[PDB]
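If you want the building blocks of each chain, they are given just below.
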Amino acid sequence: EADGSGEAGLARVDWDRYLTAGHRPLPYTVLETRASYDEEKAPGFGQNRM
Amino acid sequence: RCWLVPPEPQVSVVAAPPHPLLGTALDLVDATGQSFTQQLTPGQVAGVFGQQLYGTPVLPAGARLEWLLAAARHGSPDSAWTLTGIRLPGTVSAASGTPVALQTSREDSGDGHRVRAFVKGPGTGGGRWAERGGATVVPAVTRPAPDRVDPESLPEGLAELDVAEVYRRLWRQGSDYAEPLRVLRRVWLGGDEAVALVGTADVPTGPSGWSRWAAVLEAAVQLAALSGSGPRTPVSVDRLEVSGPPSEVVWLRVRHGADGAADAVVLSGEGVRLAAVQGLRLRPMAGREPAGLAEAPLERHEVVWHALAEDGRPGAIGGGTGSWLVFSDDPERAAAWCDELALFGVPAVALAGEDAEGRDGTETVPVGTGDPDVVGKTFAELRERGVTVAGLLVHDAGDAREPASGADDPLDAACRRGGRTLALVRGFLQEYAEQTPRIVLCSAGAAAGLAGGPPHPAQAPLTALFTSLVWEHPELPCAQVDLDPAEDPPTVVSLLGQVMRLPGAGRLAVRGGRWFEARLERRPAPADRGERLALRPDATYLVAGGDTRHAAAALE
Amino acid sequence: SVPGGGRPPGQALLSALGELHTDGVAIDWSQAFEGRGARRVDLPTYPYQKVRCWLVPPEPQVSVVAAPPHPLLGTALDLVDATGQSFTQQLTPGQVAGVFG
Amino acid sequence: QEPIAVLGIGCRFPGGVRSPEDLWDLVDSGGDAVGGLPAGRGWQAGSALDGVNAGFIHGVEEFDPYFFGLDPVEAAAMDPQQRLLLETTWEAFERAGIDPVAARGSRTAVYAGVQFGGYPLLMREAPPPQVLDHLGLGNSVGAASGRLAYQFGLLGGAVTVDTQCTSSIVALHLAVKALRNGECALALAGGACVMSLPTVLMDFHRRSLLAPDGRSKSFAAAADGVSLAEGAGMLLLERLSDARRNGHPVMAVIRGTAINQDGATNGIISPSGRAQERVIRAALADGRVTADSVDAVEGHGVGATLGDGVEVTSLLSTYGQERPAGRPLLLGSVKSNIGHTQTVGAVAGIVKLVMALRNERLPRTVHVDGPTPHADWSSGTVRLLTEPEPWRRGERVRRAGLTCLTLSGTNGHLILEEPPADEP
Amino acid sequence: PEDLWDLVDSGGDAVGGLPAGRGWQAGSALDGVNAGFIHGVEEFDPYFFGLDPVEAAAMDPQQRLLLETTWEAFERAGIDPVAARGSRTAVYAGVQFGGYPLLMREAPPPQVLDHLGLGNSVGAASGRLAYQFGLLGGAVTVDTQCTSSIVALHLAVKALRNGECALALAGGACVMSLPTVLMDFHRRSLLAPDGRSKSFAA
Amino acid sequence: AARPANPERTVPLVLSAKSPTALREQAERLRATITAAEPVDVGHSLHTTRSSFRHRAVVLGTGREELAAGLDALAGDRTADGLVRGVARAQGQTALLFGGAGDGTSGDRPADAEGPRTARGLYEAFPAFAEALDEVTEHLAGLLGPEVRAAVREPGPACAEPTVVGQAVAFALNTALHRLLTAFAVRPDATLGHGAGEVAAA
């Protein structure tokens, strides 16, 4: 930890409780992954026939 | 015939499954009391243990109460049951992915019909089997019950609640429930009693038969827990009485009429009596410890600055629907950014603190006079002119106050900025917050770990003021953009572009050309390094500034 | 800006196209390779970013006896309140003729 | 374009059918074979199969080890599917008129459709060591094509094929191509499907895919679901020119074949429809036949509510544009009488058409209460055979097609013709 | 191919120890057995092929290796897999039933149980390749034990000569998800005690 | 091959991946090949033997040492000259802006000669431009006489000035660049022409 460590800590924390505790109506990009993006998926192998 | 297996008998019994908490009945030859055993594998445990406390799976209190009733009735045709003296010590839990062994026994006391039922939970290594409940059983209840009570008479004195807020109140008490135990459908509560509607309470083996009582009794615990505050869990019941399997709909009444205890009754869709409970106590286990129970390991948590190399292109400012206010330590910088925004048709207004001269036609604000009233009385005047605001830019000069004043003190350099910027941020929001404006706190040399030299300690009040907004005025978008303290600042359209791509809030930095974003991320923390460590013996140590409780452990 | 850029004149157009190709346009690079002596050569294949996918959790690294139970004595029970130890076993019909010799 | 001759068919099918003549009586009488779960198999299935009905072979648990030179322990260790192939193959030779001893040392090829039957999983205890030695080869999918070649002393290539329900038409296609390439003198082609375990019934019942009465109501407006069944069958094939040189009897002539995949894209284009329209065109072109000359098609017709409509549409997109005046395409499916029959779904259809050509009549499709509304019958160029119709030898060569489909995406088609039938 | 050439030309052997990380429960029954295993066959990248990680758990390791090895065979053939879609390419895969569902020590979760069928049926392997790569030619699976690869090539060569297809993709897979093939050859003493096939040696 | 000699013209090297990490590992793999094979053969291969995924990068350079320095910059994830990065979105949405000659007289006029003096260099770099520029210049020479060939060969401040020579050269160079971009498979969904350039936009 000689350099590049920054604001750094050691604790038992559950961050998914932390952002859902109190209330919060919009994202906060320090705790949460920034955004979704445009892509699509196949219907599955057999499933379109059944 | 040529087959691996000989033919099965042409007639056989229906072979209905054993109740999942009590399992196979053992057949010891000489034994007086009957006993039963079950193993739950890592795939079964999370199915029966449908409640979580602080993330760890736990056996619901209604399921412990039904486990004792299922163990009580085992060999008997009787449809009416009385359980008394019920005690339920501790929390039954299993760390995710771990086996559980369960055991139970019936001892006939010889006191007429009186049977004692016990329930026991697992141990390994230095651990051994431990008690997790007990009750006394009598059959043949042999007393009448009331005539039909109208369910539509029950809610008339009481306020209705949203079932979404009922389960949110429970989440703020450490408790979450899987779908088979989310059985409430309407709730009414007020003063010292409550009533509710319970659906088909269909636990595993419970879409028909007696097992449905596990969820109907758990609904009584959810309701009894709803009236108090702080974490609490059932410890005792002094009577439970049940007649028959419970109907597809039932009505619950729960009352807090005693000295710190609850009583309850259950009625059918017809208004007929099904069950009653007396002396349901949660209070002797109010405030039991979460720190010995939570699933999370000890870890190292660090803020990492990641490059926005993917997709870091500024985009467009959302039109001139409201002005941008620019406030700066330097009137020339405030003017330069207002002139830059004007070229794009985004309307802008320049402001300065009144210890700076009005050199270039800015508005001037009494900032430094640390009262939100005089700064508010300034920002209010622009609303009386008819100014609408889309957002505010706040800009800070960095270390330049040191050579400009000719004296050094970093604690004074911090404390001078805090009060000035608090007066600005409050004095703005008190006049415009209904418009949902955007705030940008553009520090310089505040962000650690990145290039641009060591961060200036005097900038720390800006990061504190940013993070204080995010949890206190959550309707407002805001962002911190920490500039390099030595390079020329980027074009103001580059700031507002990469800022307006944030919904909600975030921390950003610029060093050379690149944009960076702060994320908080986690890695394992080997405490066994300290178990291997020895402090060097030929030395003094100082432990400083603590209270007694920390000092004793530090010295230990 | 398409014709305008850095000192080597071709890098202006290739950088302006490279940004459009990056942003989404299906640009055909073949004009940059025309007339030049271009051959095909072999290359590395795609680097997959793998994770575990299996129906069963990985085996515990603990040594144990392969089949310890004695045929007649069987498995020891752990009834908590018991005054003395007990053991029980089932023999299935193929095992019965194996033990009863 | 050498025509390939069916010299003999052996089969085992639901409802005690042991020959082509037994199948003919069951279809010409308009019966159905679907019934209750098999007694005397070792099944410990609970309430999960209550009300399930399917086309079982009664007595599949019984065999005659000494006739085939096996010890009874080896005969007990074998997958039931290998035992039905071995019994059905000897019956195929006996109808073809070949002495099975005179077939030894021959360049006969074997192409078998078989899928892993699960048979060793019936065991509760670990088996005795004398069974444990024999279990390996006796339950392997590849060994199923090898035991036939060992028992009859055949020297040609031996292959086991799996493509779900199309396994018999794929096996038959590779045999037709092996004979046309001159790889072999005769080719033996077919398959087996026997449910030693209940798991396929449960996996379809858990999803409510099975029809509630267990009937495949082929092309009918009711179209409740699918219907599973057992079966085995073998066809013996030779080049028509070599069959005429030797004087072996020809039952029907296979004229051309094709297999294709329905691929993958948006279902809006009907990928499964487009694939069938190409597989029919390919099968006609391989045999050098023309789409006006086919009289009837033995369709896949499983009874899936949207699945039958795509087939009928593909036939209207293909045969239904080129009919002679007053000669509409006759359509039906044997899968209405005996259920689906899984890997042998193509053999069941060939037995029906061979018997139809012999008796000069086409059988009625059972349970056709009314044509499905998911296709436009208004051209009149295709019609379901709701009553039997005569099909006499004459100036127009009698030809018929077969279609077989499956959910892995394989589709296929065959064209069949009359024997040349010169006067004695 | 270059790794195989480096191994073969450097004169190495690749037989080794029984794989950990697979869920095996084998006791002394394989003590001292040596054989050649694919390490990391329990690892895969579901997102590249468009699979949810629940289907990647249900799939037979043999179907996973063919689907990875097919993309690799196309990339070295110099044919873009996006240019292969809609082609008359045939698929001929040598595969055998791998036993994989029989590792489960406890009943499956309710989602994975509805994927297991087409995840493990042998005839699904040819169809799944034709689905992923959009290939319209025939798709068959063959079993003839050890010679399944020459049977696949023979049928593919004869298909290309007859004009059935424009390309053919031919090969196989073999992954020992269960110990039982090692155990039975060890019980019958068919295995070499050092695990080496000394191909024509005294 | 009788393979020709050339000067060190720039090579565009394209990489793509389905997530950010796979791009950086692909740059680590490629560094050994570009430092051994010739760069024009490596670049020509990646344009045709690999698919176009959602995450993309372009590396530009005149020779092996520069291309290796750019690929190392991608591998460490640090910005450098001649490297471009991004995430593609499938929508077309492209338009093209065209200008007349004379607006360059408003200010910084020498830069609107230096742009054309830079653009003249494209006549040696790209074959489609030289054909399109001749095919327009030899056509304008019929209306205006011989000077248009000399002017196109020496695009001075006339290209920035309201003049017949200036307007002829501006129409020539814009027509030639349009035929260049439409040879690189860009296809404009709209065009907009400022002032006297409207004929070129049309």
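Residues numbered from 1 in each chain as written, not as in the entry; some residues may be left out. Chains lettered and ligands numbered in written order. Part of a larger assembly, values for the part shown. Heavy atoms only, no water.

- Its PDB header names cryo-EM as the technique used to obtain the model and reports a resolution of 3.84 Å.

1. Quick word on the overall build of chain F
(1) Moving on: Helices and strands together make up the secondary structure of chain F, namely nine helices and five strands.
(2) Moving on: Along chain F, helices and strands appear, N-terminal first, in the series β-α-α-β-α-β-β-α-α-α-α-α-β-α.
(3) Moving on: Counting only C-alpha atoms, chain F reaches 55 × 45 × 30 Å along its principal axes.
(4) Moving on: Residue pairs in contact within chain F that sit at least 24 positions apart in sequence constitute 73% of those at least 6 positions apart.
(5) Moving on: Carbon and sulfur atoms form 52% of the exposed surface of chain F, whose accessible area is close to 10,200 Å².
(6) Moving on: Averaging the coordinates of the 20 positive side-chain charges in chain F and doing the same for the 24 negative ones gives two points 10 Å apart. (Helix = DSSP H or I, 4+ residues; strand = E, 2+ residues; numbered from the N terminus. Contact = heavy atoms within 4.5 Å. Areas by Shrake-Rupley, 256 points an atom, 1.4 Å probe, with all protein chains shown as cover. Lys, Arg positive; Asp, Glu negative; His and termini not counted. Charge placed at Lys NZ, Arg CZ, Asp CG, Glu CD.)

2. Let's talk about unusual backbone geometry
(1) Moving on: The phi angle at B:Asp311 is positive, at roughly 60°, despite the residue not being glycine.
(2) Moving on: The partly exposed category is assigned to B:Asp311, whose relative accessible area is 36%.
(3) Moving on: Phi is positive for D:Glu360, which is not a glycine, with a value near 60°.
(4) Moving on: Here D:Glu360 lies in the loop between α12 (345-359) and β9 (361-362). (Buried < 20%, exposed > 50% of the residue type's maximum accessible area, 1.4 Å probe, protein only.)

3. A short note on the pattern of salt bridges
(1) Moving on: If you walk through the whole model with that rule in mind, you get 86 salt bridges over all chains.
(2) Moving on: B:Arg168 serves as the salt-bridge partner of B:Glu165, at 2.8 Å between the closest nitrogen and oxygen. Of the two residues, B:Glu165 and B:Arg168 are both situated in helix α3 (residues 163-171); the distance of three residues between them amounts to about one turn of the helix.
(3) Moving on: Taking the relative accessible area as the measure of exposure, B:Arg168 reaches 45% and is therefore partly exposed.
(4) Moving on: Residue F:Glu138 pairs with F:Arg149 through a salt bridge whose shortest N-O separation is 2.7 Å. Of the two residues, F:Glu138 sits in helix α6 (residues 127-144) while F:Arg149 sits in helix α7 (residues 147-153), which places them 11 residues apart along the sequence.
(5) Moving on: One network of salt bridges, in which partners are shared, links D:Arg12, D:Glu21, D:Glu87, D:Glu91, D:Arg95 and D:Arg358. (Salt bridge = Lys/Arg side-chain N within 4 Å of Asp/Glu carboxyl O.)

4. Some thoughts on the side chain of D:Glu61
(1) Moving on: One can find D:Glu61 in the loop between α1 (20-28) and α2 (72-77).
(2) Moving on: The side chain of D:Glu61 is buried and forms no salt bridge, while B:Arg1, the nearest opposite charge, is found at 4.8 Å.

5. Some thoughts on the interface of chain D and chain E
(1) Moving on: Chain D puts 34 residues into the contact, and the matching count from chain E is 34 residues.
(2) Moving on: Among the residues of chain D in contact with chain E, D:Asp162, D:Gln261 and D:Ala264 are the three that bury the most area, contributing 19% of the side total.
(3) Moving on: Put simply, chain D and chain E have two salt bridges between them.
(4) Moving on: At the junction of chain D with chain E, the criterion picks out 12 residue pairs in polar contact.
(5) Moving on: Per-element tally for the side of chain D that touches chain E: the top contributor is strand β3 (residues 158-162) of chain D, with five residues.
(6) Moving on: A breakdown of the residues in the side of chain D that touches chain E according to their chemical character gives 13 nonpolar, 13 polar and eight charged. (Buried area = accessible area lost by both parts, 1.4 Å probe. Polar contact = N/O pair within 3.5 Å; in protein donor to acceptor, adjacent residues only side chain to side chain. Nonpolar A, V, L, I, M, F, W, Y, C, P; charged D, E, K, R; others polar.)

6. Quick notes on the packing of aromatic side chains
(1) Moving on: Taken as a whole and assessed by the stated rule, the structure comprises 30 aromatic pairs over all chains.
(2) Moving on: A centroid spacing of 5.4 Å and a plane angle of 35° characterise the contact between B:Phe428 and B:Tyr432, whose relative ring orientation is tilted. In this pair, B:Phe428 and B:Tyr432 both sit in helix α8 (residues 410-432), four residues apart, roughly one turn of the helix. With respect to class, B:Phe428 is no different from B:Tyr432; both count as buried.
(3) Moving on: Seen from their ring centres, C:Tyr48 and E:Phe48 are 5.6 Å apart, and the 90° between their planes marks the pair as edge-to-face. Residue C:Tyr48 is found in the loop between α1 (9-23) and β1 (51-52), and its partner E:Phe48 is found in helix α2 (residues 46-49); the two belong to separate chains. An identical accessibility class is assigned to C:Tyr48 and E:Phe48; each is buried.
(4) Moving on: One aromatic cluster in this structure is built from C:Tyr46, C:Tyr48, E:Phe44, E:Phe48, E:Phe49, E:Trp71, E:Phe74, E:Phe133 and F:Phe53.
(5) Moving on: Cation over ring: D:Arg83 sits above D:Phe63, and NZ or CZ is 5.6 Å from the ring centre. (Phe/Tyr/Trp six-rings, centres within 6.5 Å; stacked < 30°, edge-to-face > 60°. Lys NZ or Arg CZ within 6 Å of the ring centre and 35° of its normal.)

7. Here we look at a negative patch on the surface
All names here are of chain B.
(1) Moving on: Negative charge collects at one region of the surface, where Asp399, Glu402, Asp408, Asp409 and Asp412 lie side by side.
(2) Moving on: By the element assignment, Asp408 lies in the loop between α7 (401-405) and α8.
(3) Moving on: Here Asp408 falls in the exposed class, since its relative accessible area comes to 67%. (Patch = residues over 30% accessible without salt bridge, like charges linked within 9 Å, V, L, I, M, F, W, Y side chains within 5 Å.)

8. Here's the deal with the sheet that holds strand β3 (residues 83-87) of chain F
(1) Moving on: Strand order in the open sheet formed by three strands is β1-β2-β3 (chain F), and the pairing between neighbours is antiparallel. The two strands at the open ends of the sheet, each matched to only one other strand, are β1 (11-17) and β3 of chain F. Taken over all neighbouring pairs, the strand axes of this sheet differ in orientation by 15° on average, direction set aside.
(2) Moving on: Direction of pairing for strand β2 (residues 55-61) of chain F relative to β3(F): antiparallel, over a ladder of five bridges. Bridge pairing in β3(F) links F:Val59 to F:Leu83.
(3) Moving on: Seen against the sheet, α1(C) touches β1, β2 and β3 of chain F and runs at an angle of roughly 170° to β2(F).
(4) Moving on: Against the sheet, helix α3 (residues 64-76) of chain F contacts β1, β2 and β3 of chain F, and its axis sits at roughly 150° relative to β2(F). (Pairing = 2+ DSSP bridges. Axes fitted to C-alpha atoms, helices over the stretch in contact; angles between N-to-C directions.)

9. Considering the environment of C:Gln31
(1) Moving on: Examined against the element boundaries, C:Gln31 turns out to sit in the loop between α1 and β1.
(2) Moving on: Among the residues examined, C:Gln31 registers a relative accessible area of 10% and is labelled buried.
(3) Moving on: Beyond its immediate chain neighbours, meaning those up to four positions away, C:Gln31 contacts F:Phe126, F:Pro127, F:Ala128, F:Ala183 and F:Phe184.
(4) Moving on: At 2.8 Å, the side chain of C:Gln31 forms a polar contact with the side chain of C:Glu34.

10. As for empty space enclosed by the protein
Sizing a probe to match a water molecule and rolling it over the atoms shows the empty space that remains.
All names here are of chain B.
(1) Moving on: Following the criterion strictly, the structure yields 13 cavities of 30 Å³ or more and no others.
(2) Moving on: A volume near 130 Å³ is recorded for the largest cavity.
(3) Moving on: Forming the walls of the largest cavity are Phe327, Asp329, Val367, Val394, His395, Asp396, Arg401, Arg417, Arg420, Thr421, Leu424 and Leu462.
(4) Moving on: For the lining of the largest cavity, the secondary-structure elements that each account for two or more residues are β21 (389-395) and α8.
(5) Moving on: Looking at the lining of the largest cavity, the element that brings in the most residues is α8, giving four residues. (1 Å grid on protein atoms, 1.4 Å probe; cavity = no way out; pocket = protein on both sides within 12 Å on 5 of 7 lines; lining within 4 Å. Points joined across faces, edges and corners; volume = space filled by probe spheres on them.)

11. Thoughts on the side chain of E:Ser87
Residue and element names in this part refer to chain E.
(1) Moving on: By the element assignment, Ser87 lies in the loop between α4 (61-77) and β2 (89-94).
(2) Moving on: At 2.8 Å, the side chain of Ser87 and the side chain of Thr89 are in polar contact.
(3) Moving on: Not counting chain neighbours up to four residues away, the residues in contact with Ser87 comprise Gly134, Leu135, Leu136 and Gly137.

12. With respect to the sheet that holds β21(B)
(1) Moving on: Strands sit in the order β1(A)-β17(B)-β25(B)-β24(B)-β23(B)-β22(B)-β21(B)-β18(B)-β19(B)-β20(B) across an open sheet of 10 strands; the sheet is mixed. Each having just a single partner strand, β1 (8-11) of chain A together with β20 (363-365) of chain B make up the two edges of the open sheet. In this sheet, neighbouring strand axes are inclined to one another by 25° on average, regardless of whether the strands run parallel or antiparallel.
(2) Moving on: Contacts from helix α5 (residues 331-343) of chain B reach β18 (323-328), β19 (348-353), β21 and β22 (438-442) of chain B within the one sheet, and its direction differs from that of β19(B) by about 175°.
(3) Moving on: Across the sheet, helix α9 (residues 460-472) of chain B lies against β22, β23 (478-482) and β24 (505-511) of chain B, angled at about 160° from β23(B), the strand it touches most.

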